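Each chain is listed here by its residues.
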Amino acid sequence: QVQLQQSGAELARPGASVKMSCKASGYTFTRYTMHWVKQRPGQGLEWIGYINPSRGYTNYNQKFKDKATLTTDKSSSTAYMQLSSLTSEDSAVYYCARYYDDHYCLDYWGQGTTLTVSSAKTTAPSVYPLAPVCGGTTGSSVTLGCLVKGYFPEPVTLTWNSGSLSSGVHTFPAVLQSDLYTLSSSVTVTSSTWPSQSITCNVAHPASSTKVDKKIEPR
Amino acid sequence: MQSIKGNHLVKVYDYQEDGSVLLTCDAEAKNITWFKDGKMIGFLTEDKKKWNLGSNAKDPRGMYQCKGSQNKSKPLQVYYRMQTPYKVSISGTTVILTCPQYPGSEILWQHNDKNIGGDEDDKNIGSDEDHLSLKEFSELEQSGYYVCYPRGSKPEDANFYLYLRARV
Amino acid sequence: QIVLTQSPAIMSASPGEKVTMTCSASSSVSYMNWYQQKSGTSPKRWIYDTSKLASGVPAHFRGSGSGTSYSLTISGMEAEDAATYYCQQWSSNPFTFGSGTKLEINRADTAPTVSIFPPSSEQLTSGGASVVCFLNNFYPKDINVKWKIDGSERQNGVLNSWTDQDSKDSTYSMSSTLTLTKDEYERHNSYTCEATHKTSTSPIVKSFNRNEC
């Protein structure tokens, strides 16, 4: 029942600073040290350091000294990590994790917080429905798609029929070409399910407070 | 403390009728060789195997280690008061222990296999860097094995444990 | 300070095989941990204190080692064992991770199902035109997509994106988008997506002529 809830994705400009959080529950907060780990895109794991919530004792990986600052708030059972003098090298996913001494390991991990360090403006995505080529084949199943293009920064959340439709779904990793991201998703269902029932693509980009639902209509 | 793993083969025999301090060696039963502060102090050829340090009244102290057919065991620093060692200081009724190796990393402590000096909820047990403070020291309750180790490491990998016995 | 060298860096095993990955420490350490990470999620404690399996971890996993040499073994590779494994130590400060071993699950070759999608009516209104092609559920990962406008190959303005091995069938899927200006799109008629995969010598062709039905 141990849970570590990290704060949402963040976009910060070079030279600035950011403070992310990790709210713990399910265990005695002050009894265990909290660690932070960094993982750059397509890279491995890197240890930043840790803090002992008891009296605030901290230790850091030499490479992160003065870059990262760990603090905790007992009354709210939340650990914090501030990253200063940001550069593009700091863009990555940051995890918070409990170190359980008896097992000599980080047994529980937060879901992670993605940090994007860039000067680029926030750009709302364009969402386009992808219906099959105009025609009337009698295939037993059909493949529909959804194109989310020209947005920044990551991430976006894409689902079908509010998440009810999950199997037969493939959402491809976004790709960066210019200060703009583009991503696509495909869903395959039986021919009797569509156009009979409605299939809608739900896209969200909080960074630009955009919420779009694109229903796929036959061409 | 209770375990010998990590080569901590020397233990204090906790079951004497008279105030004598006996040391035991947990090694292959054959011929036990005892040492004190590096020098050989005895060679037990079969028969007996425990080493007598005399009455606890003469404050026996020192780095003791044994050896059977293999290599020497890690030392057991004995300190009675009725390689850099643990420093022990007594002031009135307060007993202070200082960790031998304090590379600036977070030092943790254990007394008879139980963590201590961690919770601030104890007014009589404080941990300040490489120093463990025990106020109103209880002879029968707080005497025993002590060890300091850095967060992340196993206590058993310590160079040696401290056996503390003090009347205050 | 302590460097943990993992080998092999990348590997793939057929179901049922015995998989062995190693971690070599630059200096002796009293224990080694292993974390499992699957695409898009946080690392998970897998093996701790060298050989203890975390609760929920399949019993056919085994950790072992001592001193400077440790290993993780999978006796009977299963699809769900595919992932990246990182070793970690903290017998000496600072706490460090190995660079990881990426493990893929092998399976029989299967051809991709290809679908081509013309620009949406909405994007055309925006002065843009993207032609999308989905290559779904194929194996191995190696595959090539060629785009052709009026029969000639177009290589520029293409964006390719692959997914990681599927958690159900262990296949790969690919998305390829050809982006043109609206003006360009309207000056041509034939649009084709050609997929080449080892599962066949002749390409899988899907296409359409704009505005025809």
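Residues numbered from 1 in each chain as written, not as in the entry; some residues may be left out. Chains lettered and ligands numbered in written order. Heavy atoms only, no water. Residues with missing side-chain atoms left out of burial classes, pairs and counts.

- The deposited coordinates derive from X-ray crystallography, with the record listing a resolution of 2.1 Å.

Quick word on the packing of aromatic side chains
Moving on, step 1. Under the definition given, this model contains 27 aromatic pairs over all chains.
Moving on, step 2. With 5.6 Å between their ring centres and 70° between their planes, A:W109 and C:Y35 make a pair best called edge-to-face. Of this pair, A:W109 sits in strand β10 (residues 105–109) while C:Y35 is found in strand β4 (residues 33–37), placing the two residues in two different chains.
Moving on, step 3. Residue class for A:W109 comes out buried when judged on its relative accessible area of 12%.
Moving on, step 4. For C:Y35, a relative accessible area of 1% corresponds to the buried category.
Moving on, step 5. Seen from their ring centres, C:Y139 and C:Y172 are 6.1 Å apart, and the 15° between their planes marks the pair as stacked. (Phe/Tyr/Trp six-rings, centres within 6.5 Å; stacked < 30°, edge-to-face > 60°. Helix = DSSP H or I, 4+ residues; strand = E, 2+ residues; numbered from the N terminus. Buried < 20%, exposed > 50% of the residue type's maximum accessible area, 1.4 Å probe, protein only.)

Points about unusual backbone geometry
Moving on, step 1. A cis amide bond links C:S7 with the next residue in sequence, C:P8, at an omega value of 0°.
Moving on, step 2. Of the consecutive residues C:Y139 and C:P140, the connecting peptide bond is found in the cis state with omega at 0°.
Moving on, step 3. Tracing the sequence through the fold places C:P140 in the loop between β13 (128–138) and β14 (144–149).
Moving on, step 4. One non-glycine residue, A:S85, lies in the positive phi region at around 45°.
Moving on, step 5. With respect to the element layout, A:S85 can be found in the loop between β8 (78–83) and β9 (92–100).
Moving on, step 6. Residue class for A:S85 comes out exposed when judged on its relative accessible area of 52%.

Structural notes on the sheet that holds strand β7 (residues 76–81) of chain B
All names here are of chain B.
Moving on, step 1. Spatially, 8 strands are ordered β4-β3-β6-β7-β15-β14-β10-β11 in an open sheet, and the strand pairing comes out mixed. Edge positions in the sheet fall to β4 (39–45) and β11 (114–116), since each of these pairs with one other strand and no more. Adjacent strand axes in the sheet meet at a mean angle of 30° when their direction is disregarded.
Moving on, step 2. Taken together, the 6 bridges between β7 and strand β15 (residues 161–166) define a ladder with parallel strand orientation. Within β15, the residue paired with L76 across the bridge is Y161. (Pairing = 2+ DSSP bridges. Axes fitted to C-alpha atoms, helices over the stretch in contact; angles between N-to-C directions.)

As for the interface of chain A and chain C
Moving on, step 1. Chain A puts 46 residues into the contact, and the matching count from chain C is 45 residues.
Moving on, step 2. Viewed at the interface, chain C and chain A are joined by 1 salt bridge.
Moving on, step 3. Note that C:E122 and A:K214 form a salt bridge whose closest N and O atoms lie 2.5 Å from each other.
Moving on, step 4. Summed over the shared surface of chain A and chain C, the result is 13 residue pairs in polar contact.
Moving on, step 5. Going through the elements one at a time, β4 (34–39), β5 (46–52), β9, β10, β12 (126–130), β13 (141–151), β15 (169–171) and β17 (181–190) of chain A are the ones with two or more residues in the side of chain A that touches chain C.
Moving on, step 6. Among the elements that make up the side of chain A that touches chain C, the one with the highest residue count is β13(A) (5 residues).
Moving on, step 7. Across the side of chain A that touches chain C, the residue classes tally to 23 nonpolar, 18 polar and 5 charged. (Contact = heavy atoms within 4.5 Å. Salt bridge = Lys/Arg side-chain N within 4 Å of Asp/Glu carboxyl O. Polar contact = N/O pair within 3.5 Å; in protein donor to acceptor, adjacent residues only side chain to side chain. Nonpolar A, V, L, I, M, F, W, Y, C, P; charged D, E, K, R; others polar.)

Some words on the domain arrangement of chain B
Residues and elements named next belong to chain B.
Moving on, step 1. We note that the domain assignment places domain 1 (1–82) and domain 2 (83–168) within chain B.
Moving on, step 2. Look at where the C-alpha atoms of domain 1 and domain 2 centre, and you get two points 21 Å apart.
Moving on, step 3. Together, the buried faces of domain 1 and domain 2 total about 2,100 Å²; carbon and sulfur atoms form 56% of this surface.
Moving on, step 4. Per-residue buried area on domain 1 facing domain 2 is highest for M1, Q77 and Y79; these three make up 38% of the total on that side.
Moving on, step 5. At the boundary of domain 1 with domain 2, the tally comes to 1 salt bridge.
Moving on, step 6. A salt bridge links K5 to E156, with the nearest nitrogen and oxygen atoms 3.7 Å apart.
Moving on, step 7. Linking domain 1 with domain 2 are 16 residue pairs in polar contact, by the criterion used here.
Moving on, step 8. Of all elements in the fold, only β1 (10–12) and β7 reach the threshold of two or more residues within the side of domain 1 that touches domain 2.
Moving on, step 9. The dominant element in the side of domain 1 that touches domain 2, judged by the number of residues it contributes, is β7, at 6 residues. (Domains from an automatic or database assignment. Buried area = accessible area lost by both parts, 1.4 Å probe.)

Concerning the sheet that holds strand β14 (residues 157–160) of chain A
Residue and element names in this part refer to chain A.
Moving on, step 1. With respect to topology, 3 strands assemble into an open sheet ordered β14-β18-β19, the strand pairing being antiparallel. Pairing within the sheet leaves two strands with one partner each, and these edge strands are β14 and β19 (210–215). Each neighbouring strand pair of the sheet contributes to a mean axis angle of 15°, computed without reference to strand direction.
Moving on, step 2. Sheet topology note: the strand β18 (residues 200–205)/β19 ladder contains 6 bridges and is antiparallel. Across the sheet, residue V203 finds its bridge partner in β19, namely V212.

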